[PDB]
$ cat run_33.txt   # compact mmCIF, C-alpha atoms and all ligand atoms
# COMPACT_ATOMS: atom_id res chain seq x y z
CA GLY A 1 9.71 39.44 -36.53
CA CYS A 2 11.08 41.09 -39.66
CA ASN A 3 14.60 40.06 -40.67
CA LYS A 4 15.98 43.55 -41.18
CA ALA A 5 19.47 42.58 -42.35
CA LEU A 6 18.27 40.19 -45.07
CA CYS A 7 15.28 42.21 -46.23
CA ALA A 8 15.95 45.93 -45.77
CA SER A 9 17.35 46.58 -49.26
CA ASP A 10 14.67 44.91 -51.38
CA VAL A 11 11.84 45.83 -49.00
CA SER A 12 12.83 49.50 -49.19
CA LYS A 13 13.06 49.18 -52.96
CA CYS A 14 9.43 48.06 -53.13
CA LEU A 15 8.37 50.72 -50.62
CA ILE A 16 9.99 53.45 -52.72
CA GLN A 17 8.15 52.07 -55.74
CA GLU A 18 5.11 52.41 -53.41
CA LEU A 19 4.18 48.75 -53.54
CA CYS A 20 2.95 46.93 -50.43
CA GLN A 21 0.90 49.98 -49.41
CA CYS A 22 -2.22 47.86 -48.76
CA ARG A 23 -2.81 45.90 -45.55
CA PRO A 24 -4.36 42.43 -45.93
CA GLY A 25 -5.13 42.39 -42.22
CA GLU A 26 -8.26 44.52 -42.54
CA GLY A 27 -10.10 44.84 -45.84
CA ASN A 28 -9.04 43.88 -49.33
CA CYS A 29 -5.35 44.06 -50.24
CA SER A 30 -5.36 45.13 -53.88
CA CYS A 31 -1.56 45.37 -54.05
CA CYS A 32 -0.74 41.98 -52.52
CA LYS A 33 0.12 40.24 -55.79
CA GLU A 34 2.18 43.21 -56.98
CA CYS A 35 4.00 43.31 -53.64
CA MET A 36 4.79 39.61 -53.90
CA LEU A 37 6.12 40.04 -57.43
CA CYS A 38 8.35 42.95 -56.40
CA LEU A 39 9.75 40.92 -53.49
CA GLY A 40 10.24 37.87 -55.72
CA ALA A 41 12.42 35.18 -54.18
CA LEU A 42 12.51 36.97 -50.81
CA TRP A 43 8.73 36.90 -50.27
CA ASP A 44 8.82 33.87 -47.96
CA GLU A 45 11.50 35.35 -45.68
CA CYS A 46 10.45 39.01 -45.93
CA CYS A 47 6.66 39.19 -46.38
CA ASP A 48 6.47 39.88 -42.63
CA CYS A 49 8.34 43.17 -42.94
CA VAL A 50 5.77 44.68 -45.33
CA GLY A 51 2.94 43.29 -43.19
CA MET A 52 1.61 40.96 -45.91
CA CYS A 53 2.28 37.84 -43.81
CA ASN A 54 2.58 36.88 -40.18
CA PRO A 55 5.82 37.66 -38.32
CA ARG A 56 8.36 34.86 -38.04
CA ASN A 57 6.98 32.72 -35.31
CA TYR A 58 7.08 33.93 -31.71
CA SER A 59 5.90 30.49 -30.56
CA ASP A 60 7.14 26.91 -30.47
CA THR A 61 4.77 24.65 -32.39
CA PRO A 62 3.63 21.64 -30.31
CA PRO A 63 4.60 18.26 -31.77
CA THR A 64 0.96 17.15 -31.61
CA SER A 65 -0.02 19.81 -34.15
CA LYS A 66 1.33 17.73 -37.04
CA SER A 67 -0.43 14.48 -37.85
CA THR A 68 -0.08 12.10 -40.80
CA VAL A 69 -3.22 10.39 -42.10
CA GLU A 70 -3.59 7.46 -44.49
CA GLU A 71 -6.59 5.44 -45.68
CA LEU A 72 -6.28 1.67 -45.31
CA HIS A 73 -6.75 -0.54 -48.35
CA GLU A 74 -9.63 -3.02 -48.18
CA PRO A 75 -11.34 -1.90 -44.95
CA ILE A 76 -13.37 -4.52 -43.08
CA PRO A 77 -16.15 -2.61 -41.25
CA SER A 78 -17.74 -5.67 -39.63
CA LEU A 79 -14.54 -6.51 -37.77
CA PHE A 80 -14.15 -2.92 -36.59
CA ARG A 81 -17.67 -2.84 -35.19
CA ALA A 82 -17.33 -6.27 -33.60
CA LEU A 83 -14.17 -5.32 -31.72
CA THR A 84 -15.49 -1.85 -30.85
CA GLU A 85 -19.01 -2.41 -29.49
CA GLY A 86 -18.07 -5.05 -26.93
CA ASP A 87 -15.99 -4.77 -23.78
CA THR A 88 -13.09 -2.83 -25.27
CA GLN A 89 -9.47 -3.85 -24.81
CA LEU A 90 -7.74 -1.98 -21.99
CA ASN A 91 -4.95 -0.85 -24.32
CA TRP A 92 -7.70 0.67 -26.51
CA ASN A 93 -9.71 3.78 -25.62
CA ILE A 94 -12.90 4.04 -27.69
CA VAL A 95 -14.49 7.41 -28.52
CA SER A 96 -17.69 7.95 -30.49
CA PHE A 97 -18.54 11.54 -31.41
CA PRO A 98 -21.01 13.02 -33.91
CA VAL A 99 -19.76 12.87 -37.49
CA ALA A 100 -18.47 16.18 -38.92
CA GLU A 101 -17.65 17.59 -35.49
CA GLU A 102 -13.97 17.79 -36.45
CA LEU A 103 -14.70 19.99 -39.49
CA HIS A 104 -24.88 9.32 -38.16
CA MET A 105 -21.91 9.18 -35.77
CA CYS A 106 -18.15 8.69 -36.12
CA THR A 107 -16.30 6.14 -33.97
CA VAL A 108 -12.52 6.13 -33.48
CA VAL A 109 -10.05 4.10 -31.41
CA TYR A 110 -7.20 5.76 -29.50
CA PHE A 111 -4.28 3.47 -28.69
CA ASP A 112 -3.03 3.94 -25.13
CA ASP A 113 0.74 3.46 -25.13
CA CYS A 114 2.55 5.61 -27.67
CA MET A 115 3.65 3.64 -30.73
CA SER A 116 5.52 4.11 -33.99
CA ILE A 117 3.59 4.93 -37.14
CA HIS A 118 4.34 1.59 -38.80
CA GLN A 119 3.05 -0.25 -35.72
CA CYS A 120 0.03 2.06 -35.64
CA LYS A 121 -0.80 1.23 -39.26
CA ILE A 122 -0.40 -2.50 -38.66
CA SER A 123 -2.64 -2.42 -35.58
CA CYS A 124 -5.33 -0.41 -37.37
CA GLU A 125 -5.13 -2.75 -40.37
CA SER A 126 -5.62 -5.73 -38.08
CA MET A 127 -8.58 -3.82 -36.63
CA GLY A 128 -10.32 -3.44 -40.00
CA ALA A 129 -10.24 0.35 -39.66
CA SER A 130 -11.01 2.43 -42.74
CA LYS A 131 -8.28 4.97 -41.96
CA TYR A 132 -5.59 5.83 -39.45
CA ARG A 133 -4.30 9.14 -38.10
CA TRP A 134 -0.85 9.19 -36.50
CA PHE A 135 -0.08 12.16 -34.28
CA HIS A 136 3.55 13.26 -34.34
CA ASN A 137 3.57 12.96 -30.57
CA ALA A 138 3.15 9.30 -31.73
CA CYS A 139 -0.39 8.80 -30.40
CA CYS A 140 -2.31 6.52 -32.78
CA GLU A 141 -5.99 6.93 -33.71
CA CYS A 142 -7.68 4.35 -35.91
CA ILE A 143 -10.66 5.79 -37.80
CA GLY A 144 -13.87 3.81 -38.25
CA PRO A 145 -15.85 3.07 -41.41
CA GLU A 146 -18.68 5.39 -40.36
CA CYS A 147 -16.53 8.49 -40.02
CA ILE A 148 -16.79 10.81 -43.02
CA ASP A 149 -13.30 12.26 -42.57
CA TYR A 150 -10.14 11.56 -40.53
CA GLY A 151 -11.80 12.07 -37.14
CA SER A 152 -10.94 14.23 -34.17
CA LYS A 153 -7.72 16.24 -34.23
CA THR A 154 -7.52 15.87 -30.44
CA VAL A 155 -4.74 13.73 -28.93
CA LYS A 156 -7.24 12.01 -26.67
CA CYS A 157 -5.34 8.76 -26.05
CA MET A 158 -4.29 8.07 -22.46
CA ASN A 159 -0.64 7.36 -21.61
CA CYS A 160 0.63 9.56 -24.40
CA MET A 161 -0.38 13.16 -23.64
CA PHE A 162 3.07 14.50 -24.55
CA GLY A 163 2.69 17.88 -26.20
CA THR A 164 0.18 19.18 -23.64
CA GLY B 1 0.06 -14.46 -46.68
CA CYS B 2 -0.15 -16.34 -43.40
CA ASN B 3 3.12 -16.70 -41.48
CA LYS B 4 2.87 -20.42 -40.81
CA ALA B 5 6.04 -20.81 -38.75
CA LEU B 6 5.21 -18.00 -36.31
CA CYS B 7 1.49 -18.65 -36.04
CA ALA B 8 0.77 -22.36 -36.51
CA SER B 9 0.88 -23.32 -32.82
CA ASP B 10 -1.39 -20.64 -31.36
CA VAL B 11 -3.65 -20.52 -34.42
CA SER B 12 -4.24 -24.27 -34.17
CA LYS B 13 -4.87 -23.87 -30.46
CA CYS B 14 -7.70 -21.43 -31.16
CA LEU B 15 -9.03 -23.61 -33.99
CA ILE B 16 -9.18 -26.64 -31.68
CA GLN B 17 -11.04 -24.50 -29.17
CA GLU B 18 -13.28 -23.76 -32.20
CA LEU B 19 -12.73 -20.02 -32.12
CA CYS B 20 -12.34 -18.03 -35.34
CA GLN B 21 -15.07 -20.10 -37.00
CA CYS B 22 -16.86 -16.98 -38.31
CA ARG B 23 -15.81 -15.12 -41.46
CA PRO B 24 -15.95 -11.30 -41.31
CA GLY B 25 -15.68 -11.16 -45.08
CA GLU B 26 -19.36 -11.89 -45.68
CA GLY B 27 -21.95 -11.32 -42.97
CA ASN B 28 -21.52 -10.66 -39.28
CA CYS B 29 -18.54 -12.20 -37.48
CA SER B 30 -19.88 -12.99 -34.01
CA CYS B 31 -16.65 -14.67 -32.90
CA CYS B 32 -14.23 -11.94 -34.00
CA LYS B 33 -13.62 -10.50 -30.53
CA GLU B 34 -13.23 -13.97 -29.02
CA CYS B 35 -10.82 -14.94 -31.79
CA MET B 36 -8.75 -11.82 -31.15
CA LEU B 37 -8.63 -12.54 -27.42
CA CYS B 38 -7.51 -16.14 -28.01
CA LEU B 39 -4.75 -14.96 -30.36
CA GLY B 40 -3.70 -12.22 -27.93
CA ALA B 41 -0.34 -10.67 -28.72
CA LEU B 42 -0.11 -12.52 -32.05
CA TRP B 43 -3.30 -11.03 -33.52
CA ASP B 44 -1.47 -8.39 -35.57
CA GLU B 45 0.92 -10.90 -37.17
CA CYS B 46 -1.49 -13.86 -37.39
CA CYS B 47 -5.03 -12.54 -37.92
CA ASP B 48 -4.52 -13.29 -41.63
CA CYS B 49 -4.21 -17.04 -41.02
CA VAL B 50 -7.67 -17.31 -39.45
CA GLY B 51 -9.11 -15.04 -42.15
CA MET B 52 -10.08 -12.25 -39.74
CA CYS B 53 -7.75 -9.74 -41.43
CA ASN B 54 -6.20 -9.16 -44.82
CA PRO B 55 -3.15 -11.22 -45.84
CA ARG B 56 0.25 -9.64 -45.32
CA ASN B 57 0.54 -7.27 -48.20
CA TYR B 58 1.08 -8.61 -51.72
CA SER B 59 1.64 -5.05 -52.95
CA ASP B 60 4.15 -2.23 -52.54
CA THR B 61 2.42 0.86 -51.17
CA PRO B 62 3.09 3.97 -53.31
CA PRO B 63 4.90 6.79 -51.47
CA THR B 64 2.13 9.21 -52.50
CA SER B 65 -0.41 7.26 -50.42
CA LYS B 66 0.86 8.81 -47.19
CA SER B 67 0.35 12.52 -46.68
CA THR B 68 0.83 14.73 -43.62
CA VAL B 69 -1.63 17.58 -43.06
CA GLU B 70 -1.42 20.55 -40.70
CA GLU B 71 -3.60 23.63 -40.21
CA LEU B 72 -1.79 26.96 -40.29
CA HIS B 73 -2.12 29.33 -37.35
CA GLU B 74 -3.68 32.72 -38.11
CA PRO B 75 -4.82 32.18 -41.73
CA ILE B 76 -5.13 35.28 -43.92
CA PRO B 77 -7.87 34.50 -46.48
CA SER B 78 -7.70 37.85 -48.29
CA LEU B 79 -4.06 37.29 -49.24
CA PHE B 80 -4.80 33.77 -50.46
CA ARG B 81 -7.60 34.98 -52.71
CA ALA B 82 -5.58 37.93 -53.98
CA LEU B 83 -2.66 35.74 -55.05
CA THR B 84 -4.96 33.01 -56.40
CA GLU B 85 -7.52 34.81 -58.58
CA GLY B 86 -5.02 36.75 -60.68
CA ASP B 87 -2.48 35.52 -63.21
CA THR B 88 -1.04 32.70 -61.14
CA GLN B 89 2.68 32.22 -60.62
CA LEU B 90 4.21 29.68 -63.00
CA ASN B 91 5.66 27.69 -60.10
CA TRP B 92 2.09 27.46 -58.75
CA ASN B 93 -0.68 25.32 -60.29
CA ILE B 94 -4.13 26.42 -59.10
CA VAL B 95 -7.04 23.97 -58.88
CA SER B 96 -10.59 24.81 -57.81
CA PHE B 97 -12.96 21.87 -57.32
CA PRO B 98 -16.36 21.59 -55.61
CA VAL B 99 -16.09 21.43 -51.82
CA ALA B 100 -16.59 17.96 -50.29
CA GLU B 101 -15.54 16.17 -53.47
CA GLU B 102 -12.59 14.62 -51.62
CA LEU B 103 -14.85 13.02 -48.98
CA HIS B 104 -19.44 26.71 -52.29
CA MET B 105 -16.15 25.58 -53.84
CA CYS B 106 -12.71 24.59 -52.53
CA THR B 107 -9.54 26.12 -54.01
CA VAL B 108 -6.06 24.65 -53.52
CA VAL B 109 -2.57 25.45 -54.79
CA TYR B 110 -0.19 22.73 -56.01
CA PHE B 111 3.49 23.68 -55.94
CA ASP B 112 5.32 22.58 -59.08
CA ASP B 113 8.85 21.57 -58.11
CA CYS B 114 8.98 19.02 -55.30
CA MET B 115 9.95 20.57 -51.97
CA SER B 116 10.61 19.58 -48.37
CA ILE B 117 7.78 19.73 -45.85
CA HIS B 118 9.31 22.61 -43.89
CA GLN B 119 9.65 24.63 -47.09
CA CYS B 120 6.10 23.67 -48.06
CA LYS B 121 4.77 24.94 -44.73
CA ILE B 122 6.72 28.19 -45.01
CA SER B 123 5.48 28.82 -48.56
CA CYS B 124 1.86 28.10 -47.61
CA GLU B 125 2.18 30.33 -44.54
CA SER B 126 3.48 33.15 -46.73
CA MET B 127 0.48 32.46 -48.97
CA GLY B 128 -2.06 32.95 -46.17
CA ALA B 129 -3.36 29.41 -46.67
CA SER B 130 -5.63 27.95 -44.01
CA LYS B 131 -3.99 24.52 -44.20
CA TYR B 132 -1.30 22.56 -45.99
CA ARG B 133 -1.09 18.94 -47.14
CA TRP B 134 2.36 17.48 -47.81
CA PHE B 135 2.46 14.33 -49.92
CA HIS B 136 5.23 11.93 -49.00
CA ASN B 137 6.33 12.00 -52.62
CA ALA B 138 7.07 15.60 -51.42
CA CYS B 139 4.46 17.35 -53.57
CA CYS B 140 3.03 20.32 -51.64
CA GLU B 141 -0.63 21.41 -51.70
CA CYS B 142 -1.69 24.55 -49.86
CA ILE B 143 -5.37 24.47 -48.86
CA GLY B 144 -7.57 27.55 -49.14
CA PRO B 145 -9.83 29.16 -46.55
CA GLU B 146 -12.98 28.06 -48.39
CA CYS B 147 -12.18 24.35 -48.33
CA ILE B 148 -14.06 22.47 -45.63
CA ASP B 149 -11.41 19.77 -45.26
CA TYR B 150 -7.82 19.09 -46.39
CA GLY B 151 -8.64 19.09 -50.11
CA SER B 152 -7.95 16.61 -52.88
CA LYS B 153 -5.88 13.52 -52.11
CA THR B 154 -4.60 13.58 -55.70
CA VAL B 155 -0.94 14.41 -56.34
CA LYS B 156 -1.92 16.84 -59.08
CA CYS B 157 1.18 19.07 -59.03
CA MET B 158 3.28 19.11 -62.19
CA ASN B 159 7.01 18.32 -62.06
CA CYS B 160 6.58 15.95 -59.15
CA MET B 161 4.50 12.99 -60.33
CA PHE B 162 6.80 10.46 -58.65
CA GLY B 163 4.75 7.58 -57.32
CA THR B 164 2.67 7.22 -60.50
PT PT C 1 5.48 35.02 -54.40
PT PT C 2 -24.58 11.11 -31.75
PT PT C 3 -6.57 5.52 -18.76
PT PT C 4 -3.96 14.97 -21.05
PT PT C 5 -6.50 -7.83 -30.26
PT PT C 6 -18.24 24.62 -58.49
PT PT C 7 3.18 22.15 -66.21
PT PT C 8 1.27 12.56 -63.82

$ encode --input "run_33.txt" --output "C-alpha cells"
Amino acid sequence: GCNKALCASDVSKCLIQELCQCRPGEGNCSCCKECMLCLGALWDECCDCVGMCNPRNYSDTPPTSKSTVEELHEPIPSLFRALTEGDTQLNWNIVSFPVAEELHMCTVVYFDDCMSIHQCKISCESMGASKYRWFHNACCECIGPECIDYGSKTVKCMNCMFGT
Amino acid sequence: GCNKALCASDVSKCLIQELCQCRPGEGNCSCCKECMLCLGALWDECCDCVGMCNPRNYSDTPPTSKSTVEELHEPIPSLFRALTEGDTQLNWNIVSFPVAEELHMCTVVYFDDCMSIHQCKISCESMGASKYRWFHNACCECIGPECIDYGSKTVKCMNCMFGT
C-alpha cells in the first residue's frame, strides 16, 4: 500500500507536526485539508500512508470499467423506434429497462460483435440513436431517444463479454 | 453528402423496388426497416442517399465533444467535502450546480492545467471523488458524492479551453 521509500520523510514531517491525526474513514476529518497542504505535491502518491486515501490498488481494474460516451448530433428518434420495435437484426441485441435504473422506459441497442469506437459511432448514427456508449472492452451500446441518461453500465452485448 | 459512386447501384435497386419511399424526417417512416434490409451492408455508408440518415458530416467534431467517464471504487465523501468547502486549491476550480441540470445540489472539481487521463483518475481518487469525467481535450472533472450522474458536460476548467 504505502510507498515507504518515497513518502517516509515528508509523511513523518507532517506526523511530527501532528497533522493527519484525523481519520476520514469514520466520522468527520477536520484535518484533511491541512494534511493535504502539508503533504503538498506528494499527496497523490502518499495520501495512503496517512490513511487519508485508499491504498495503492491491490486489484487489476477490468477493461470494461472504463466507457466513453458521446451524444450524437441531430438524433432521429423515429428511425430508432422503427428499427427497434420490429424483428430486430441478429447482430443487434435490444434491451429495454426502466429509465433511471442506471443511476417512461429507456431502450438501448447492444451490438453483438465487438467493434471499434469509430465504427460504433457510425452505426449508432445510422441508427438515429440519441447517444452512444463505447465500453473499453469495445462493446458498443447505442442509447435511445427516450433514455434520460447514458443507459446501463452493464456490458450486456453477446459475443463480446471480455472483461468478465 | 451521399457517396454516389459507392451507393448508386444498390440505392437505385431499392428505389426501383420502391423501398425507402418514406421520410423519417417528418412523420412516421413505415418503410425504414425494409429500406435498411434492402441496403444491407451498405446502410451505414449509404443511408444518407435515401434520406434515412444524416448526410456524411459537413462539420469537424470538436475534441471536447467526447468524454470518458468512470466511477471510482470505494469513494470517500467526507474527504471530498473537506477539501471542497474550504479555501480551494488554486489548481482546482470548484463548481456547484443544481443536481440533474446536466440531464439537493451537485458539486464538481475542474482541474486547471490539462492532464492525462491516468493522472486525472489518480488525482480524483486522492480526492475521494465518487466519479471522474475526462474530456478528450484532456480537461479533468472530478465528480462529487452528491451528484446523481456524471456532472456537467461543459469544459469549464481554466487553462485548458482547447476545443472552443
Ligand atoms: Pt492536495
Ligand atoms: Pt417499464
Ligand atoms: Pt446471442
Ligand atoms: Pt457474459
Ligand atoms: Pt441495418
Ligand atoms: Pt442549488
Ligand atoms: Pt483562472
Ligand atoms: Pt473558455

$ atom_distance --input "run_33.txt" --atom1 "atom CA of residue 74 of chain B" --atom2 "atom CA of residue 141 of chain B"
17.9 Å

$ residues_around --input "run_33.txt" --residues "segment 5-7 of chain A" --least-positions-apart "6" --cutoff "12 Å" --atoms "all atoms listed in the file" --output "MDAnalysis selection string"
chainID A and resid 13:15 39:50

$ residues_near_ligand --input "run_33.txt" --ligand "ligand PT 6 (chain C)" --cutoff "9 Å" --atoms "all atoms listed in the file" --output "list in words"
residues 96, 97, 98, 99, 104, 105 and 106 of chain B

$ atom_distance --input "run_33.txt" --atom1 "atom CA of residue 154 of chain A" --atom2 "atom CA of residue 137 of chain B"
26.4 Å

$ residues_near_ligand --input "run_33.txt" --ligand "ligand PT 5 (chain C)" --cutoff "12 Å" --atoms "only C-alpha atoms and all ligand atoms" --output "VMD selection string"
(chain A and resid 79 to 80 82 to 84 87 to 92 111 122 to 128) or (chain B and resid 32 to 47 52 to 53)

$ closest_atom_pairs --input "run_33.txt" --of "chain B" --to "ligand PT 8 (chain C)" --cutoff "9 Å" --atoms "all atoms listed in the file" --output "JSON lines"
{"residue": "B:155", "atom": "CA", "partner": "C:PT8", "partner_atom": "PT", "distance": 8.0}
{"residue": "B:156", "atom": "CA", "partner": "C:PT8", "partner_atom": "PT", "distance": 7.1}
{"residue": "B:157", "atom": "CA", "partner": "C:PT8", "partner_atom": "PT", "distance": 8.1}
{"residue": "B:158", "atom": "CA", "partner": "C:PT8", "partner_atom": "PT", "distance": 7.0}
{"residue": "B:159", "atom": "CA", "partner": "C:PT8", "partner_atom": "PT", "distance": 8.3}
{"residue": "B:160", "atom": "CA", "partner": "C:PT8", "partner_atom": "PT", "distance": 7.8}
{"residue": "B:161", "atom": "CA", "partner": "C:PT8", "partner_atom": "PT", "distance": 4.8}
{"residue": "B:162", "atom": "CA", "partner": "C:PT8", "partner_atom": "PT", "distance": 7.9}
{"residue": "B:163", "atom": "CA", "partner": "C:PT8", "partner_atom": "PT", "distance": 8.9}
{"residue": "B:164", "atom": "CA", "partner": "C:PT8", "partner_atom": "PT", "distance": 6.4}

$ atom_distance --input "run_33.txt" --atom1 "atom CA of residue 61 of chain A" --atom2 "atom CA of residue 72 of chain B"
10.5 Å

$ closest_residue --input "run_33.txt" --among "A:143, A:11, A:129, A:108" --to "chain B" --atoms "all atoms listed in the file"
A:129

$ closest_residue --input "run_33.txt" --among "B:69, B:20, B:2, B:114" --to "chain A" --atoms "all atoms listed in the file"
B:69

$ closest_residue --input "run_33.txt" --among "B:148, B:22, B:109, B:115" --to "chain A" --atoms "all atoms listed in the file"
B:148

$ closest_residue --input "run_33.txt" --among "A:78, A:116, A:107, A:130" --to "chain B" --atoms "only C-alpha atoms"
A:78

$ closest_residue --input "run_33.txt" --among "B:31, B:19, B:94, B:8" --to "ligand PT 7 (chain C)" --atoms "all atoms listed in the file"
B:94

$ closest_residue --input "run_33.txt" --among "A:112, A:131, A:121, A:145" --to "ligand PT 4 (chain C)" --atoms "all atoms listed in the file"
A:112

$ residues_around --input "run_33.txt" --residues "residue 1 of chain A" --least-positions-apart "6" --cutoff "9 Å" --atoms "all atoms listed in the file" --output "short mmCIF file (atom, residue, chain, number, x, y, z; two decimals) with C-alpha atoms, in the coordinates of the input"
data_model
loop_
_atom_site.label_atom_id
_atom_site.label_comp_id
_atom_site.auth_asym_id
_atom_site.auth_seq_id
_atom_site.Cartn_x
_atom_site.Cartn_y
_atom_site.Cartn_z
CA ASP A 48 6.47 39.88 -42.63
CA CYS A 49 8.34 43.17 -42.94
CA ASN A 54 2.58 36.88 -40.18
CA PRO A 55 5.82 37.66 -38.32
CA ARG A 56 8.36 34.86 -38.04
CA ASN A 57 6.98 32.72 -35.31
CA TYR A 58 7.08 33.93 -31.71
#
